[PDB]
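Trainee:
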Amino acid sequence: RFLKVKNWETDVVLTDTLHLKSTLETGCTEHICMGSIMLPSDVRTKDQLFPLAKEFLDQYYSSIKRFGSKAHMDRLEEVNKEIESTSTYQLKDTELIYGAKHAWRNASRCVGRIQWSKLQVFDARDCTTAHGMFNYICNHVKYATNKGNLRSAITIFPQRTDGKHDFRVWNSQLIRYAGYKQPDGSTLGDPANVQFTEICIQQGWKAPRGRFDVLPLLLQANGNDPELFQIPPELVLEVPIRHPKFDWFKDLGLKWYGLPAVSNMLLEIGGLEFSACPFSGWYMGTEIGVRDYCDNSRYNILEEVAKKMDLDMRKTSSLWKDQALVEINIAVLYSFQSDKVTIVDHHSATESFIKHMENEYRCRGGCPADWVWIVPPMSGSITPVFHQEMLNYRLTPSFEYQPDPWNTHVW
Amino acid sequence: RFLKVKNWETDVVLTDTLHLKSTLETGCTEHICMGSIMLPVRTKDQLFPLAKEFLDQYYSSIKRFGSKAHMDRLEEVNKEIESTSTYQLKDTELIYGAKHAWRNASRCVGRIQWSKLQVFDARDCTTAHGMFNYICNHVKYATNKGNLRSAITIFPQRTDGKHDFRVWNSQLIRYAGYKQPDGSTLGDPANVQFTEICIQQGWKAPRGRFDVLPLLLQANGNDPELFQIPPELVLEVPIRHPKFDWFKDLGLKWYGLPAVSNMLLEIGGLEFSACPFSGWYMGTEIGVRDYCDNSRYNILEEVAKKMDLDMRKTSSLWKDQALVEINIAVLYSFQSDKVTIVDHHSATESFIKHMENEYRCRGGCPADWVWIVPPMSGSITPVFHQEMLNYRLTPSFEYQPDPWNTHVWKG
Ligand code: HEM
Ligand code: HEM
Ligand SMILES: CNCC#Cc1cc(F)c(F)c(CCc2cc(C)cc(N)n2)c1
Ligand SMILES: CNCC#Cc1cc(F)c(F)c(CCc2cc(C)cc(N)n2)c1
Ligand SMILES: C[C@H](O)[C@H](O)[C@H]1CNc2nc(N)[nH]c(=O)c2N1
Ligand SMILES: C[C@H](O)[C@H](O)[C@H]1CNc2nc(N)[nH]c(=O)c2N1
Ligand SMILES: [Zn+2]
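Protein chains in written order, with the entry's author numbering: chain A, 299 to 339, 347 to 716; chain B, 299 to 338, 348 to 718.
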């Protein structure tokens, strides 16, 4: 009930008590572990909402050292009145900022949480239309990009009411490249976005059918039909990918965007649901060089790079895939660093997370963490997180997945 | 009930029913996942149901469930338990049990081979000298001049827990480690404590960097005795690199036979506390973990020095570069000396084929993603993208405490 995690490289042992405050469920049971399942796990009635609000307000007033105070009881009373009356309630700006920052703090799959307290929160709860959503998102993108000196930010659109008036960003990330199925048979651009790219065409977009076409935004306000907008190209910071040794690398024609900005998640704070809450930070190099560039279901460039390196691709035991993989990831970090765009390598990011874990255990009693997601997709065991035992559990406020809107939209 | 796992690279979905036959617990609950935790005395009371369940499985596999042979064996075992408080496995049952303990080992990526295991019955052994002879014959059989063959040797089962057979070595072949007064370590830092025990027990240590440890063998609960494996039985591979001629001058070698000797084999409620088993290496076990863990031989720095990589910032990925070159050298050396080894690309591809086959013929395949995914180049192997279900089936291999912590010394 009071659990210990060991680091097997350093023998440092930490005691976790924070998990006892966990609320939601993991998908595991004592008979089966679902730790490697990507996605384990609907209006909220008047009755479930007030306990959720209480739990959150309890932790908020604790965090400002006003638990059991004047202002604490009054606020509890006031939200209790507002739920009984209005069947919902509205967060104070202070509570919203706290709730967003703690949703990031609680994201057990995120290695970048040492930065959790330095999040810029843009309150977009006064937004009513898709053009207004576009305006808020352009401002976010410009603020977060900051001429390459990236700054973490989240923009929070109005909360779900009765599930019929949902705000949704249909894109999975604010900035992604299009994908097209060729008549010749294969796929041009990003295969992961083929379905979404179609819904852009099959709803209005005129695609330039290229390999790195920044997709338009598909924005849904108040449950209406979504609308297309092009992000101003001057707001989309991109980085051409070259290698500090291989001059032929530029001829591969690779580039990537500077801003990782997740837009399809749901932010839960005190029982309230924010279905449109795009948030952004900066990349860890392996997200681009390992996953985006070298997954077989993505841009899948390993063979081409290895050929240009003239590696022995006859046998897997030559480790030609591994050699190319390293070089590709050297180039990504080199390109971003050269163009002065913020990026972190996996050695620095995971060392930071270990320091963050130790901070959280010391000052908070724990840190929920998903080892399957925290360990980088290359060189796992030479990063310190590989040797770190981690306990995974679900705290709120939280970011949660939600269905893709095209499968849900009453059109 | 049914459970589905998805491969996110291929979209292949599999359906697990085998998890319904799981009895033992995992460590997880609905509120916490313990999937990255390294480590998450028996009476007649509990023994006959464990025996019956094993014998039901055994006779089902031989298409004789409910037969007179099956019923007679259940009767015979029942009377043997109530009369002697234990029972003896037939040779056929022991072989089945050892093969299925391997088949059920959710952390083992090499299970495609599970049905080709050579089982050596050493249940007639009575002294540490007899154990030594059995272990020598195992090492010679399994080594097979470099054409490695999987094998297991099974010493007498536990009775009252005061007469255990134990191999005090964690592996049959391992290099000594010596703590120097200046704080540095010579040899394998992981084996320092065991090396000190051997020295205390009378071993004259050569005090080199690659000294094969003596066997420390405990029969029938007696004090352990020291034995030296004949050097002609210990196959070793000098490590060189196919392009870098300076790599040989690092003075590295490794042994050919990975032979785990500290686990407990549970079959039908019987506990075999001494059951060394061996296969052949996957390259990364040596090149990534043994050589490159900070807590092990830790050769990244000197290798990266001789490669003259930019070692000033981690974002040069000099650690990742050297790591690949070391792992090329391990595979090249083993193949050149015609010693069996498998690279992590081949091994993970075979595991996926094994897993799919097990889902079809058996209804599932328990697998521990955290251990199955290799410690370098994770996401360019197919297991990274494979959802897996972890649950505990018997027969099984289990951990047990190091015997020097529990042994009652006779003197
Ligand atoms: C500032 C630098 C940041 C870095 C380097 C970083 C890094 C990462 C990485 C590497 C992942 C793994 C996801 C994948 O492999 O696709 C991840 C997941 C995640 N990040 Fe962070 N992140 C950062 C900022 C943020 C911020 C600002 C938020 C929210 C305010 C956030 C929320 C999350 C969440 C919720 C996940 C898990 C999503 C899921 O379950 O699929 N991250 N992060
Ligand atoms: C034949 C080739 C084999 C290969 C390539 C192989 C590979 C591996 C690897 C890479 C691991 C992870 C362990 C680590 O990283 O230290 C492992 C674990 C394991 N292997 Fe296999 N193995 C093989 C044969 C066998 C055999 C013959 C047995 C038993 C009869 C076996 C039983 C196990 C068990 C029980 C584990 C779990 C270890 C633990 O939980 O600590 N393996 N194997
Ligand atoms: C479909 N594949 C599974 C997936 C995924 C996935 C889902 C998310 F919500 C999510 F935030 C991420 C991380 C991407 C990311 C986001 C931020 C802000 C920074 C960063 N450096 N990286 C990844
Ligand atoms: C903190 N580390 C704990 C550990 C460990 C550990 C324990 C085991 F029982 C075990 F079999 C292994 C795998 C070694 C191995 C064994 C075989 C037969 C083949 C192979 N290729 N490799 C590793
Ligand atoms: C099946 C498995 O859970 C899946 O491939 C996971 C593994 N770990 C991951 N880790 C990160 N950071 N991102 C991912 O998309 C995944 N995918
Ligand atoms: C903390 C974590 O469970 C631990 O470092 C594990 C991770 N995965 C592993 N995987 C394998 N194959 N072998 C190991 O020793 C480990 N160690
Ligand atoms: Zn679990």
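C-beta: ideal position from N, C-alpha, C; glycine also.
#1: Any beta carbon of chain A sitting closer than 7 angstroms to that of residue 660/B?
#2: Buried or exposed: which applies to residue 336/A, given that a residue is buried once 16 or more other Cβ atoms fall within 10 Å of its Cβ?
#3: Can at least three beta-carbon pairs, one atom from the segment 555-575 of chain B and one from the segment 474-485 of chain B, be found at a separation below 8 angstroms?
#4: From what residue to what residue does the alpha helix (DSSP H) around residue 675/A run?
#5: May I have a chain-ordered list of the beta strand (DSSP E) segments no shorter than 3 residues that lie completely inside the segment 395-436 of chain B?
#6: Just to confirm, are residue 683/B and residue 684/A a CB contact at a threshold of 7 angstroms?
#7: Does any C-beta atom of chain A lie closer than 7 angstroms to the C-beta of residue 624/B?
#8: Can you list the residues near ligand 6, meaning Cβ strictly closer than 7 angstroms to any non-hydrogen atom, in the order they appear in the chain?
#9: Provide the residue span of the alpha helix (DSSP H) that contains residue 485/B, from first to last.
#10: Bridge partners of residue 696/A, per DSSP?
#11: Leaving aside the five residues before and after residue 447/B along the sequence, list all residues of the same chain whose C-beta is less than 7 angstroms from its C-beta, in chain order.
#12: Report the rounded CA-to-CA distance for residue 530/B versus residue 597/B, giving the unit in angstroms.
#13: Does the structure place the segment 573-586 of chain B close enough to the segment 460-468 of chain B that three or more beta carbon pairs sit under 8 angstroms?
#14: So, with DSSP's three-state summary, where would you put residue 499/B?
#15: Would residue 323/A count as contacting chain B if we go by Cβ distances under 7 angstroms?
#16: For ligand 2, is there any heavy atom lying closer than 6 angstroms to the beta carbon of residue 589/B?
#17: Comparing the CB of residue 704/B with every heavy atom of ligand 2, is any distance shorter than 6 angstroms?
#18: Under a three-way DSSP split, which group does residue 331/B fall into?
#19: Short of 8 angstroms Cβ to Cβ, which residues in the segment 592-619 of chain B face chain A?
#20: State the CB to CB distance for the pair residue 624/B and residue 649/A, rounded to an integer number of angstroms; the pair is presumed to be in contact (CB under 8 angstroms).
#21: Within 10 angstroms of its Cβ, does residue 302/A collect 16 or more other Cβ (buried), or is it exposed?
#22: Does residue 570/B get closer than 7 angstroms to chain A when you measure Cβ to Cβ?
#23: Going along the chain, which residues of its own chain have a beta-carbon closer than 6 angstroms to the beta-carbon of residue 388/B, five neighbours each way excluded?
#24: Which of the residues in the segment 689-707 of chain B, read from start to end, lie with their CB under 9 angstroms from any CB of chain A?
#25: For the alpha helix (DSSP H) containing residue 362/A, name the first residue and the last one.
#26: Would you call the CB atoms of residue 640/B and residue 408/B closer than 7 angstroms?
#27: For residue 508/A and residue 698/A, what's the separation of their Cα atoms in angstroms?
#28: Kindly list, in the order they appear in chain A, the residues whose Cβ is closer than 8 angstroms to that of residue 686/B.
#29: Go ahead and label residue 518/B buried or exposed: buried means 16 or more other beta carbons lie within 10 angstroms of its beta carbon, across all protein chains shown.
#30: When you compare each of 686/B, 360/B, 626/B, 536/B to residue 612/B by their alpha carbons, which one comes out closest?
#31: Could you check if residue 668/A is buried or exposed, using at least 16 other CB atoms within 10 Å of its CB as the buried criterion?
#32: For residue 455/B, decide whether its Cβ has a neighbour in chain A, counting only Cβ atoms nearer than 7 angstroms.
#33: When every heavy atom of ligand 2 is checked, does at least one fall within less than 6 angstroms of the C-beta of residue 720/B?
#34: At a cut-off of 6 angstroms, is residue 586/A close to ligand 1 when judged by its beta-carbon and the heavy atoms of the ligand?
#35: Whole angstroms is fine: what's the gap from residue 618/A's alpha carbon to residue 638/B's?
#36: Is residue 563/B near residue 646/B, with beta carbons less than 7 angstroms apart?
Mentor: Taking the coordinates as given:
#1: The residue given as residue 660/B occupies position 353 in the second sequence. Residue 660/B is outside the set of residues whose beta carbon lies under 7 angstroms from a beta carbon in chain A.
#2: Here residue 336/A corresponds to residue number 38 of the first sequence, with the count starting at 1. Using a 10 angstroms sphere on the CB of residue 336/A, the tally of other CB atoms stays under 16, which defines it as exposed.
#3: yes
#4: In the first sequence, counting from the first residue as 1, residue 675/A sits at position 370. Run containing residue 675/A: none; DSSP gives neither H nor E here.
#5: 425-428
#6: If you number the second sequence from 1, residue 683/B lands on position 376. If you number the first sequence from 1, residue 684/A lands on position 379. In this structure, residue 684/A lies closer than 7 angstroms to residue 683/B by Cβ.
#7: Taking the first residue of the second sequence as 1, we reach residue 624/B at position 317. Yes, its Cβ sits closer than 7 angstroms to a Cβ of chain A.
#8: 306/A, 676/A, 691/A, 692/A, 693/A, 694/A, 334/B, 335/B, 336/B, 414/B, 596/B, 677/B, 678/B, 682/B
#9: Translated into the one-based positions of the second sequence, residue 485/B becomes position 178. Looking at the DSSP string, residue 485/B is not in any alpha helix (DSSP H); the run it does join, the beta strand (DSSP E), is 484-486.
#10: Within the first sequence, the letter at position 391 stands for residue 696/A. The partner list for residue 696/A (beta bridge, DSSP) is empty, contrary to what the question assumes.
#11: As a position in the second sequence, residue 447/B is number 140, starting the count at 1. So the list reads 540, once near-sequence residues are dropped.
#12: Counting from 1 along the second sequence, the entry for residue 530/B is found at position 223. Counting from 1 along the second sequence, the entry for residue 597/B is found at position 290. If you take the alpha carbons of residue 530/B and residue 597/B, they lie about 30 angstroms apart.
#13: yes
#14: The count along the second sequence starts at 1 and reaches residue 499/B at position 192. DSSP places residue 499/B in helix when its eight states are reduced to three.
#15: Reading the first sequence from its first residue, position 25 is the one you call residue 323/A. True, the Cβ-Cβ gap to chain B drops below 7 angstroms.
#16: Mapped onto the second sequence, residue 589/B falls at position 282. Answer for residue 589/B: yes, Cβ within range of ligand 2.
#17: As a position in the second sequence, residue 704/B is number 397, starting the count at 1. Yes.
#18: Locating residue 331/B in the second sequence gives position 33, counting from the first residue. Three-state result, residue 331/B: strand.
#19: Those would be 595, 596, 599, 600, 601, 602, 607, in chain order.
#20: As a working note, residue 624/B is residue 317 in the second sequence. As a working note, residue 649/A is residue 344 in the first sequence. Rounded to whole angstroms, the Cβ separation of residue 624/B and residue 649/A is 13 angstroms, and the two are not in contact under 8 angstroms.
#21: Stepping through the first sequence from its first residue, residue 302/A is reached at position 4. With fewer than 16 Cβ atoms within 10 Å of its Cβ, residue 302/A is classed as exposed.
#22: As a first step, residue 570/B is located in the second sequence; it is residue number 263 there, counting from the start. Residue 570/B does not count as touching chain A.
#23: Taking the first residue of the second sequence as 1, we reach residue 388/B at position 81. Cβ neighbours of residue 388/B beyond the five flanking positions: 351, 354, 355, 394.
#24: 689, 691, 692, 693, 694, 695, 696, 697, 698, 699
#25: Stepping through the first sequence from its first residue, residue 362/A is reached at position 57. Per DSSP, residue 362/A belongs to the alpha helix (DSSP H) from 351-368.
#26: Numbered from 1 along the second sequence, position 333 holds the residue referred to as residue 640/B. Numbered from 1 along the second sequence, position 101 holds the residue referred to as residue 408/B. Cβ atoms of residue 640/B and residue 408/B: not closer than 7 angstroms.
#27: Translated into the one-based positions of the first sequence, residue 508/A becomes position 203. Translated into the one-based positions of the first sequence, residue 698/A becomes position 393. Near 40 angstroms, if we compare the C-alpha coordinates of residue 698/A and residue 508/A.
#28: If you number the second sequence from 1, residue 686/B lands on position 379. What residue 686/B touches in chain A: 595, 596, 599, 600, 682, 683.
#29: Taking the first residue of the second sequence as position 1, residue 518/B is located at position 211. It is buried - the Cβ of residue 518/B has at least 16 other Cβ atoms within 10 Å.
#30: Here residue 612/B refers to the residue found at position 305 when the second sequence is read from its first residue. Residue 612/B has its Cα closest to that of 626/B, out of 686/B, 360/B, 626/B, 536/B.
#31: If you number the first sequence from 1, residue 668/A lands on position 363. Exposed is the call here.
#32: For this step, residue 455/B is matched to residue 148 along the second sequence. No, residue 455/B lies away from the interface with chain A (no Cβ there is under 7 angstroms from its Cβ).
#33: Outside the shown range of chain B, which is 299 to 718, sits residue 720/B, and nothing can be said about it.
#34: Here residue 586/A refers to the residue found at position 281 of the first sequence. Checking every heavy atom of ligand 1 against the Cβ of residue 586/A, one is found closer than 6 angstroms.
#35: Within the first sequence, residue 618/A is the residue found at index 313, counting from 1. Within the second sequence, residue 638/B is the residue found at index 331, counting from 1. Rounded to whole angstroms, residue 618/A to residue 638/B spans 15 angstroms at the Cα level.
#36: By 1-based counting over the second sequence, the position of residue 563/B is 256. By 1-based counting over the second sequence, the position of residue 646/B is 339. In contact: residue 563/B and residue 646/B (Cβ atoms closer than 7 angstroms).
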